[PDB]
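Have a look at query-v2.txt; it's compact mmCIF, N, CA, C and O atoms:
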```txt
# COMPACT_ATOMS: atom_id res chain seq x y z
N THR Q 1 7.18 19.02 5.48
CA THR Q 1 8.21 18.08 5.08
C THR Q 1 7.59 16.80 4.50
O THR Q 1 6.50 16.40 4.90
N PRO Q 2 8.29 16.15 3.56
CA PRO Q 2 7.80 14.91 2.93
C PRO Q 2 7.45 13.84 3.96
O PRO Q 2 8.04 13.79 5.04
N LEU Q 3 6.50 12.98 3.61
CA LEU Q 3 6.08 11.91 4.50
C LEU Q 3 7.01 10.70 4.39
O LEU Q 3 7.65 10.50 3.35
N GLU Q 4 7.08 9.91 5.45
CA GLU Q 4 7.94 8.73 5.47
C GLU Q 4 7.51 7.73 4.39
O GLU Q 4 6.33 7.65 4.05
N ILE Q 5 8.47 6.98 3.87
CA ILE Q 5 8.19 5.99 2.84
C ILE Q 5 8.93 4.69 3.11
O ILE Q 5 9.99 4.68 3.74
N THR Q 6 8.36 3.58 2.64
CA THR Q 6 8.97 2.27 2.84
C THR Q 6 8.95 1.46 1.55
O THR Q 6 8.04 1.60 0.73
N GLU Q 7 9.95 0.61 1.37
CA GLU Q 7 10.05 -0.22 0.18
C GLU Q 7 9.61 -1.65 0.47
O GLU Q 7 10.09 -2.28 1.42
N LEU Q 8 8.69 -2.16 -0.34
CA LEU Q 8 8.18 -3.51 -0.16
C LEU Q 8 8.45 -4.36 -1.40
O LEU Q 8 9.09 -3.84 -2.34
N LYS U 1 -13.77 4.68 -5.11
CA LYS U 1 -13.97 3.34 -5.73
C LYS U 1 -13.09 2.29 -5.08
O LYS U 1 -11.89 2.21 -5.34
N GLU U 2 -13.69 1.47 -4.22
CA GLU U 2 -12.96 0.41 -3.53
C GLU U 2 -12.40 -0.60 -4.52
O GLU U 2 -13.15 -1.30 -5.21
N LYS U 3 -11.07 -0.68 -4.60
CA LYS U 3 -10.42 -1.61 -5.51
C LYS U 3 -9.84 -2.80 -4.75
O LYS U 3 -9.42 -2.68 -3.60
N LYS U 4 -9.82 -3.96 -5.40
CA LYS U 4 -9.30 -5.17 -4.78
C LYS U 4 -7.98 -5.59 -5.42
O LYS U 4 -7.82 -5.53 -6.64
N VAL U 5 -7.03 -6.01 -4.59
CA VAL U 5 -5.72 -6.44 -5.07
C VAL U 5 -5.20 -7.62 -4.26
O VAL U 5 -5.16 -7.57 -3.03
N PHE U 6 -4.79 -8.67 -4.96
CA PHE U 6 -4.26 -9.86 -4.30
C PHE U 6 -2.79 -10.07 -4.63
O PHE U 6 -2.43 -10.28 -5.79
N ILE U 7 -1.94 -10.00 -3.61
CA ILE U 7 -0.50 -10.18 -3.80
C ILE U 7 -0.06 -11.56 -3.32
O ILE U 7 -0.30 -11.93 -2.17
N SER U 8 0.58 -12.31 -4.20
CA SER U 8 1.06 -13.65 -3.87
C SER U 8 2.45 -13.89 -4.43
O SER U 8 2.68 -13.74 -5.63
N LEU U 9 3.38 -14.27 -3.56
CA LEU U 9 4.76 -14.53 -3.97
C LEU U 9 4.88 -15.89 -4.65
O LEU U 9 5.33 -16.86 -4.04
N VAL U 10 4.46 -15.95 -5.91
CA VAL U 10 4.53 -17.20 -6.67
C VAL U 10 5.97 -17.59 -6.97
O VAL U 10 6.29 -18.77 -7.07
N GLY U 11 6.83 -16.59 -7.10
CA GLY U 11 8.23 -16.85 -7.39
C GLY U 11 9.12 -16.62 -6.18
O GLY U 11 8.94 -17.26 -5.14
N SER U 12 10.08 -15.72 -6.31
CA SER U 12 11.00 -15.41 -5.22
C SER U 12 11.35 -13.93 -5.20
O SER U 12 12.51 -13.56 -5.02
N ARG U 13 10.35 -13.09 -5.39
CA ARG U 13 10.55 -11.64 -5.39
C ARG U 13 9.41 -10.93 -4.68
O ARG U 13 8.28 -11.41 -4.65
N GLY U 14 9.71 -9.77 -4.10
CA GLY U 14 8.69 -9.01 -3.39
C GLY U 14 7.55 -8.59 -4.29
O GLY U 14 7.43 -9.07 -5.42
N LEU U 15 6.70 -7.69 -3.80
CA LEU U 15 5.56 -7.22 -4.58
C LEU U 15 6.01 -6.19 -5.62
O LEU U 15 5.55 -6.21 -6.76
N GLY U 16 6.92 -5.31 -5.23
CA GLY U 16 7.43 -4.31 -6.15
C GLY U 16 6.82 -2.93 -5.93
O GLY U 16 6.84 -2.09 -6.83
N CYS U 17 6.28 -2.69 -4.73
CA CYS U 17 5.68 -1.40 -4.43
C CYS U 17 6.15 -0.86 -3.08
O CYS U 17 6.59 -1.62 -2.22
N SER U 18 6.02 0.45 -2.91
CA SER U 18 6.41 1.10 -1.67
C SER U 18 5.18 1.69 -0.99
O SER U 18 4.09 1.67 -1.56
N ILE U 19 5.35 2.21 0.22
CA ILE U 19 4.23 2.80 0.94
C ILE U 19 4.65 4.02 1.75
O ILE U 19 5.76 4.08 2.27
N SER U 20 3.75 4.99 1.84
CA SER U 20 4.00 6.21 2.58
C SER U 20 2.87 6.50 3.55
O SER U 20 1.78 5.94 3.43
N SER U 21 3.13 7.36 4.53
CA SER U 21 2.12 7.71 5.52
C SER U 21 1.54 9.09 5.23
O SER U 21 2.25 9.99 4.78
N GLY U 22 0.25 9.25 5.49
CA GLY U 22 -0.41 10.51 5.24
C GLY U 22 -0.34 11.47 6.42
O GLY U 22 0.14 11.10 7.49
N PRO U 23 -0.84 12.70 6.24
CA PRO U 23 -0.84 13.72 7.30
C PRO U 23 -1.81 13.38 8.43
O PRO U 23 -2.21 12.23 8.59
N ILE U 24 -2.18 14.39 9.21
CA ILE U 24 -3.10 14.20 10.32
C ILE U 24 -4.55 14.30 9.86
O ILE U 24 -5.44 13.71 10.47
N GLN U 25 -4.78 15.04 8.79
CA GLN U 25 -6.12 15.21 8.25
C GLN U 25 -6.66 13.89 7.70
O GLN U 25 -7.86 13.63 7.75
N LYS U 26 -5.76 13.07 7.17
CA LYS U 26 -6.14 11.78 6.61
C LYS U 26 -4.99 10.77 6.74
O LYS U 26 -4.37 10.40 5.74
N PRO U 27 -4.69 10.33 7.97
CA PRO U 27 -3.61 9.36 8.22
C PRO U 27 -3.97 7.96 7.74
O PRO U 27 -5.09 7.49 7.94
N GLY U 28 -3.01 7.29 7.11
CA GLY U 28 -3.24 5.95 6.61
C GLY U 28 -2.07 5.42 5.80
O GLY U 28 -1.04 6.08 5.69
N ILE U 29 -2.24 4.23 5.23
CA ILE U 29 -1.20 3.62 4.43
C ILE U 29 -1.37 3.96 2.95
O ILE U 29 -2.37 3.59 2.33
N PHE U 30 -0.39 4.67 2.40
CA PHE U 30 -0.43 5.07 0.99
C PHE U 30 0.52 4.23 0.16
O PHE U 30 1.33 3.47 0.69
N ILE U 31 0.42 4.37 -1.16
CA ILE U 31 1.27 3.63 -2.08
C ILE U 31 2.31 4.54 -2.73
O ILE U 31 1.99 5.64 -3.19
N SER U 32 3.55 4.08 -2.76
CA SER U 32 4.65 4.84 -3.35
C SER U 32 5.05 4.24 -4.69
O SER U 32 4.36 3.37 -5.22
N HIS U 33 6.17 4.71 -5.23
CA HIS U 33 6.66 4.22 -6.51
C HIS U 33 6.74 2.70 -6.52
O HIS U 33 6.96 2.07 -5.49
N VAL U 34 6.55 2.11 -7.70
CA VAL U 34 6.60 0.66 -7.84
C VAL U 34 7.51 0.25 -9.00
O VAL U 34 7.74 1.02 -9.92
N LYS U 35 8.04 -0.97 -8.93
CA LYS U 35 8.93 -1.48 -9.97
C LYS U 35 8.16 -2.31 -10.99
O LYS U 35 7.19 -2.99 -10.65
N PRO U 36 8.59 -2.28 -12.26
CA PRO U 36 7.95 -3.04 -13.34
C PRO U 36 8.32 -4.52 -13.31
O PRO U 36 9.45 -4.88 -12.97
N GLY U 37 7.37 -5.37 -13.66
CA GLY U 37 7.62 -6.80 -13.67
C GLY U 37 7.22 -7.47 -12.37
O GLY U 37 6.94 -8.66 -12.33
N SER U 38 7.19 -6.69 -11.29
CA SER U 38 6.82 -7.20 -9.98
C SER U 38 5.32 -7.45 -9.89
O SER U 38 4.58 -7.24 -10.86
N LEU U 39 4.86 -7.91 -8.73
CA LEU U 39 3.45 -8.19 -8.52
C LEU U 39 2.64 -6.89 -8.47
O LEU U 39 1.51 -6.83 -8.94
N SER U 40 3.25 -5.86 -7.89
CA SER U 40 2.60 -4.56 -7.77
C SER U 40 2.09 -4.07 -9.12
O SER U 40 0.92 -3.69 -9.26
N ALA U 41 2.97 -4.08 -10.11
CA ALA U 41 2.61 -3.65 -11.46
C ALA U 41 1.61 -4.61 -12.09
O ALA U 41 0.74 -4.20 -12.86
N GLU U 42 1.74 -5.89 -11.76
CA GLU U 42 0.87 -6.92 -12.29
C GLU U 42 -0.57 -6.73 -11.79
O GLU U 42 -1.52 -7.07 -12.49
N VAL U 43 -0.71 -6.19 -10.59
CA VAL U 43 -2.03 -5.96 -10.01
C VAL U 43 -2.58 -4.59 -10.39
O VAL U 43 -3.78 -4.36 -10.33
N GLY U 44 -1.68 -3.69 -10.79
CA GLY U 44 -2.10 -2.35 -11.17
C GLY U 44 -1.89 -1.35 -10.06
O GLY U 44 -2.71 -0.46 -9.85
N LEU U 45 -0.77 -1.49 -9.35
CA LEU U 45 -0.44 -0.59 -8.25
C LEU U 45 0.37 0.60 -8.74
O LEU U 45 0.99 0.55 -9.81
N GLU U 46 0.37 1.67 -7.96
CA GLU U 46 1.11 2.88 -8.30
C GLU U 46 0.92 3.96 -7.24
O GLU U 46 0.10 3.81 -6.33
N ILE U 47 1.69 5.04 -7.34
CA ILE U 47 1.60 6.13 -6.38
C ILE U 47 0.20 6.74 -6.37
O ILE U 47 -0.48 6.77 -7.39
N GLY U 48 -0.21 7.22 -5.20
CA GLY U 48 -1.53 7.82 -5.08
C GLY U 48 -2.52 6.90 -4.39
O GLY U 48 -3.31 7.34 -3.56
N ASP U 49 -2.49 5.62 -4.75
CA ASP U 49 -3.39 4.64 -4.17
C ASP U 49 -3.29 4.63 -2.65
O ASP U 49 -2.39 5.25 -2.08
N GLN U 50 -4.22 3.95 -1.99
CA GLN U 50 -4.23 3.87 -0.54
C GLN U 50 -4.85 2.55 -0.06
O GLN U 50 -6.05 2.32 -0.24
N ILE U 51 -4.03 1.70 0.54
CA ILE U 51 -4.50 0.42 1.04
C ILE U 51 -5.43 0.60 2.24
O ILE U 51 -5.05 1.20 3.25
N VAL U 52 -6.65 0.09 2.12
CA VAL U 52 -7.64 0.21 3.19
C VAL U 52 -7.94 -1.14 3.83
O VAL U 52 -8.86 -1.26 4.64
N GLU U 53 -7.17 -2.17 3.47
CA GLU U 53 -7.37 -3.50 4.02
C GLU U 53 -6.25 -4.45 3.60
O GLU U 53 -5.70 -4.33 2.50
N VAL U 54 -5.93 -5.40 4.47
CA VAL U 54 -4.88 -6.37 4.19
C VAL U 54 -5.13 -7.66 4.97
O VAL U 54 -4.83 -7.75 6.16
N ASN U 55 -5.67 -8.67 4.29
CA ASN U 55 -5.95 -9.96 4.91
C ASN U 55 -6.99 -9.81 6.02
O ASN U 55 -6.98 -10.55 7.00
N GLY U 56 -7.89 -8.84 5.86
CA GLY U 56 -8.92 -8.61 6.86
C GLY U 56 -8.62 -7.42 7.74
O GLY U 56 -9.53 -6.76 8.24
N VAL U 57 -7.34 -7.14 7.94
CA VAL U 57 -6.92 -6.02 8.78
C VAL U 57 -7.24 -4.69 8.11
O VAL U 57 -6.74 -4.39 7.02
N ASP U 58 -8.09 -3.90 8.76
CA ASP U 58 -8.48 -2.59 8.23
C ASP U 58 -7.31 -1.62 8.25
O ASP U 58 -6.71 -1.37 9.30
N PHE U 59 -6.98 -1.08 7.08
CA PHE U 59 -5.88 -0.13 6.96
C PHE U 59 -6.38 1.31 6.95
O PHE U 59 -5.68 2.22 6.50
N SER U 60 -7.60 1.51 7.44
CA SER U 60 -8.20 2.84 7.48
C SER U 60 -7.36 3.78 8.35
O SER U 60 -7.14 4.94 8.00
N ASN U 61 -6.88 3.25 9.48
CA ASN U 61 -6.06 4.03 10.39
C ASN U 61 -4.91 3.19 10.93
O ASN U 61 -4.43 3.42 12.04
N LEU U 62 -4.47 2.22 10.14
CA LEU U 62 -3.38 1.34 10.54
C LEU U 62 -2.05 2.09 10.52
O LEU U 62 -1.80 2.91 9.64
N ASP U 63 -1.20 1.80 11.51
CA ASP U 63 0.10 2.45 11.61
C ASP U 63 0.99 2.08 10.43
O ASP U 63 0.82 1.02 9.81
N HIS U 64 1.94 2.95 10.11
CA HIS U 64 2.86 2.71 9.01
C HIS U 64 3.63 1.41 9.20
O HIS U 64 3.62 0.54 8.33
N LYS U 65 4.29 1.28 10.35
CA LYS U 65 5.06 0.09 10.66
C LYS U 65 4.19 -1.16 10.59
O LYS U 65 4.61 -2.21 10.10
N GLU U 66 2.96 -1.04 11.09
CA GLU U 66 2.02 -2.16 11.08
C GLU U 66 1.76 -2.64 9.66
O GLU U 66 1.68 -3.84 9.41
N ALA U 67 1.62 -1.70 8.74
CA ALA U 67 1.37 -2.02 7.34
C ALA U 67 2.54 -2.81 6.74
O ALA U 67 2.34 -3.83 6.09
N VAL U 68 3.75 -2.32 6.98
CA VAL U 68 4.95 -2.98 6.47
C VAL U 68 5.17 -4.32 7.16
O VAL U 68 5.63 -5.28 6.54
N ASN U 69 4.86 -4.38 8.45
CA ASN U 69 5.04 -5.60 9.23
C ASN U 69 4.17 -6.73 8.68
O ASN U 69 4.68 -7.79 8.30
N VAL U 70 2.86 -6.51 8.66
CA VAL U 70 1.93 -7.52 8.17
C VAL U 70 2.25 -7.92 6.73
O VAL U 70 2.19 -9.09 6.37
N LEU U 71 2.61 -6.93 5.91
CA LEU U 71 2.95 -7.18 4.52
C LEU U 71 4.25 -7.99 4.42
O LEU U 71 4.42 -8.78 3.50
N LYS U 72 5.14 -7.78 5.38
CA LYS U 72 6.42 -8.49 5.40
C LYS U 72 6.24 -9.89 5.97
O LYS U 72 6.91 -10.84 5.55
N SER U 73 5.34 -10.03 6.94
CA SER U 73 5.08 -11.31 7.57
C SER U 73 4.55 -12.32 6.56
O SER U 73 5.14 -13.39 6.37
N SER U 74 3.43 -11.99 5.92
CA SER U 74 2.83 -12.88 4.93
C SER U 74 3.22 -12.47 3.52
O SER U 74 2.93 -11.36 3.07
N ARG U 75 3.89 -13.38 2.81
CA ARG U 75 4.32 -13.12 1.44
C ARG U 75 3.11 -13.00 0.51
O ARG U 75 3.09 -12.15 -0.38
N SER U 76 2.12 -13.85 0.73
CA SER U 76 0.91 -13.84 -0.08
C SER U 76 -0.29 -13.41 0.75
O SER U 76 -0.77 -14.17 1.60
N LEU U 77 -0.77 -12.19 0.52
CA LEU U 77 -1.92 -11.67 1.26
C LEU U 77 -2.80 -10.80 0.38
O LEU U 77 -2.30 -10.10 -0.51
N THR U 78 -4.10 -10.83 0.63
CA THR U 78 -5.05 -10.03 -0.13
C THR U 78 -5.15 -8.63 0.46
O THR U 78 -5.45 -8.47 1.64
N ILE U 79 -4.89 -7.63 -0.36
CA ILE U 79 -4.94 -6.24 0.09
C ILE U 79 -5.99 -5.44 -0.67
O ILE U 79 -6.00 -5.41 -1.90
N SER U 80 -6.88 -4.80 0.08
CA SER U 80 -7.94 -3.99 -0.51
C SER U 80 -7.52 -2.52 -0.57
O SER U 80 -7.37 -1.86 0.46
N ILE U 81 -7.33 -2.02 -1.79
CA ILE U 81 -6.92 -0.64 -1.98
C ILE U 81 -8.03 0.17 -2.65
O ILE U 81 -8.81 -0.36 -3.43
N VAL U 82 -8.08 1.46 -2.34
CA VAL U 82 -9.10 2.34 -2.92
C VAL U 82 -8.45 3.50 -3.66
O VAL U 82 -7.77 4.34 -3.06
N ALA U 83 -8.66 3.54 -4.97
CA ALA U 83 -8.09 4.59 -5.81
C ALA U 83 -8.51 5.98 -5.33
O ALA U 83 -9.67 6.20 -4.97
N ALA U 84 -7.55 6.91 -5.32
CA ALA U 84 -7.80 8.29 -4.90
C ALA U 84 -7.72 8.44 -3.38
O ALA U 84 -7.58 9.56 -2.87
N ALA U 85 -7.82 7.33 -2.65
CA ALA U 85 -7.75 7.37 -1.19
C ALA U 85 -6.44 8.01 -0.72
O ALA U 85 -6.35 8.50 0.40
N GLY U 86 -5.44 7.99 -1.59
CA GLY U 86 -4.15 8.57 -1.26
C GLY U 86 -3.78 9.74 -2.16
O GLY U 86 -3.08 10.65 -1.74
N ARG U 87 -4.26 9.70 -3.40
CA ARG U 87 -3.97 10.76 -4.36
C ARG U 87 -4.40 12.12 -3.83
O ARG U 87 -3.74 13.13 -4.09
N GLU U 88 -5.48 12.14 -3.07
CA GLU U 88 -5.98 13.39 -2.49
C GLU U 88 -4.89 14.04 -1.64
O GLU U 88 -4.69 15.26 -1.70
N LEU U 89 -4.18 13.22 -0.87
CA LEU U 89 -3.10 13.71 -0.02
C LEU U 89 -1.90 14.13 -0.85
O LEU U 89 -1.34 15.21 -0.66
N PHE U 90 -1.49 13.26 -1.78
CA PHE U 90 -0.35 13.53 -2.64
C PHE U 90 -0.46 14.91 -3.29
O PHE U 90 0.55 15.59 -3.51
N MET U 91 -1.69 15.32 -3.60
CA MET U 91 -1.93 16.62 -4.22
C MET U 91 -1.63 17.75 -3.24
O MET U 91 -2.55 18.40 -2.74
N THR U 92 -0.35 17.97 -2.97
CA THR U 92 0.06 19.02 -2.04
C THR U 92 0.45 20.30 -2.79
O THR U 92 0.79 21.31 -2.17
```

Same coordinates, now as structure tokens:
Amino acid sequence: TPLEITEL
Amino acid sequence: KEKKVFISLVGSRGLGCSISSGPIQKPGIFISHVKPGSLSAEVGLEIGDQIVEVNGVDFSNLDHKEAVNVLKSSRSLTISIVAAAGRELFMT
């Protein structure tokens, strides 16, 4: 499954 | 190739880049899609990259939340990124 991502 | 990047909020907008976490074989802070005009693009950021340092804090095995936290805490901080450090993982 895709890895977690965050918006900066 | 260890690359250097300095992010500073000279105006009133974020850096313009995102971050992702790697697998167990190579866990760390990766770089996600970025917006144009922001600091991220101005420094030469993009998907694949991998931050290995931030204001002295080693991002070699830094937690995901930790990366976003420190980056959120200080608007202007020097981040050391290494090209391919993340692209290797992205290549799934």

Selected residue of minimal separation from residue 3 in chain Q among U:52, U:19, U:83, U:24, counting all atoms listed in the file: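 Checking each of U:52, U:19, U:83, U:24 against residue 3 in chain Q, counting all atoms listed in the file, the winner is U:19.
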
Contact residues (chain U, partner chain Q, 12 Å, only C-alpha atoms) as a PyMOL selection string: chain U and resi 7+13-24+27-35+38-40+47+63-75+89-90+92

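Straight-line separation from atom O of residue 26 in chain U to atom C of residue 44 in chain U: 19.8 Å.
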
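From atom N of residue 56 in chain U back to CA of residue 76 in chain U, the distance works out to 11.7 Å.
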
Between atom C of residue 91 in chain U and CA of residue 78 in chain U - distance in Å to one decimal: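 CA of residue 78 in chain U sits 28.2 Å away from atom C of residue 91 in chain U.
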
Helix (DSSP H, G or I) call set, DSSP backbone run, chain U, as a list in words: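 For chain U, the helix (DSSP H, G or I) set is residues 39, 40, 41, 42, 43, 64, 65, 66, 67, 68, 69, 70, 71, 72, 73, 87, 88, 89 and 90 of chain U.
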
Can you spit out the residues from that selection as a compact mmCIF listing (two decimals), keeping the file's coordinate frame, using N, CA, C and O atoms?
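Once written, result_5.txt looks like this:
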```txt
# COMPACT_ATOMS: atom_id res chain seq x y z
N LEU U 39 4.86 -7.91 -8.73
CA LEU U 39 3.45 -8.19 -8.52
C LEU U 39 2.64 -6.89 -8.47
O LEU U 39 1.51 -6.83 -8.94
N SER U 40 3.25 -5.86 -7.89
CA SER U 40 2.60 -4.56 -7.77
C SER U 40 2.09 -4.07 -9.12
O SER U 40 0.92 -3.69 -9.26
N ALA U 41 2.97 -4.08 -10.11
CA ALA U 41 2.61 -3.65 -11.46
C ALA U 41 1.61 -4.61 -12.09
O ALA U 41 0.74 -4.20 -12.86
N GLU U 42 1.74 -5.89 -11.76
CA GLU U 42 0.87 -6.92 -12.29
C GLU U 42 -0.57 -6.73 -11.79
O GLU U 42 -1.52 -7.07 -12.49
N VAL U 43 -0.71 -6.19 -10.59
CA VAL U 43 -2.03 -5.96 -10.01
C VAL U 43 -2.58 -4.59 -10.39
O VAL U 43 -3.78 -4.36 -10.33
N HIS U 64 1.94 2.95 10.11
CA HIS U 64 2.86 2.71 9.01
C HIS U 64 3.63 1.41 9.20
O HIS U 64 3.62 0.54 8.33
N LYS U 65 4.29 1.28 10.35
CA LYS U 65 5.06 0.09 10.66
C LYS U 65 4.19 -1.16 10.59
O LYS U 65 4.61 -2.21 10.10
N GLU U 66 2.96 -1.04 11.09
CA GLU U 66 2.02 -2.16 11.08
C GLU U 66 1.76 -2.64 9.66
O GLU U 66 1.68 -3.84 9.41
N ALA U 67 1.62 -1.70 8.74
CA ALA U 67 1.37 -2.02 7.34
C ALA U 67 2.54 -2.81 6.74
O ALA U 67 2.34 -3.83 6.09
N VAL U 68 3.75 -2.32 6.98
CA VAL U 68 4.95 -2.98 6.47
C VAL U 68 5.17 -4.32 7.16
O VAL U 68 5.63 -5.28 6.54
N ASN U 69 4.86 -4.38 8.45
CA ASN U 69 5.04 -5.60 9.23
C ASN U 69 4.17 -6.73 8.68
O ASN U 69 4.68 -7.79 8.30
N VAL U 70 2.86 -6.51 8.66
CA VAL U 70 1.93 -7.52 8.17
C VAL U 70 2.25 -7.92 6.73
O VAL U 70 2.19 -9.09 6.37
N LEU U 71 2.61 -6.93 5.91
CA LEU U 71 2.95 -7.18 4.52
C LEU U 71 4.25 -7.99 4.42
O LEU U 71 4.42 -8.78 3.50
N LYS U 72 5.14 -7.78 5.38
CA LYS U 72 6.42 -8.49 5.40
C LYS U 72 6.24 -9.89 5.97
O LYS U 72 6.91 -10.84 5.55
N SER U 73 5.34 -10.03 6.94
CA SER U 73 5.08 -11.31 7.57
C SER U 73 4.55 -12.32 6.56
O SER U 73 5.14 -13.39 6.37
N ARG U 87 -4.26 9.70 -3.40
CA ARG U 87 -3.97 10.76 -4.36
C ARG U 87 -4.40 12.12 -3.83
O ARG U 87 -3.74 13.13 -4.09
N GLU U 88 -5.48 12.14 -3.07
CA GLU U 88 -5.98 13.39 -2.49
C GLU U 88 -4.89 14.04 -1.64
O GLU U 88 -4.69 15.26 -1.70
N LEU U 89 -4.18 13.22 -0.87
CA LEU U 89 -3.10 13.71 -0.02
C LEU U 89 -1.90 14.13 -0.85
O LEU U 89 -1.34 15.21 -0.66
N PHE U 90 -1.49 13.26 -1.78
CA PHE U 90 -0.35 13.53 -2.64
C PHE U 90 -0.46 14.91 -3.29
O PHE U 90 0.55 15.59 -3.51
```

Per-residue DSSP, range 4-83 of chain U, filtered to strand (DSSP E or B), as a count of residues only: 28

Option closest in space to residue 8 in chain U, from U:85, U:77, U:51, U:41 [counting all atoms listed in the file]: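 With all atoms listed in the file as the atom set, the closest residue is U:77.
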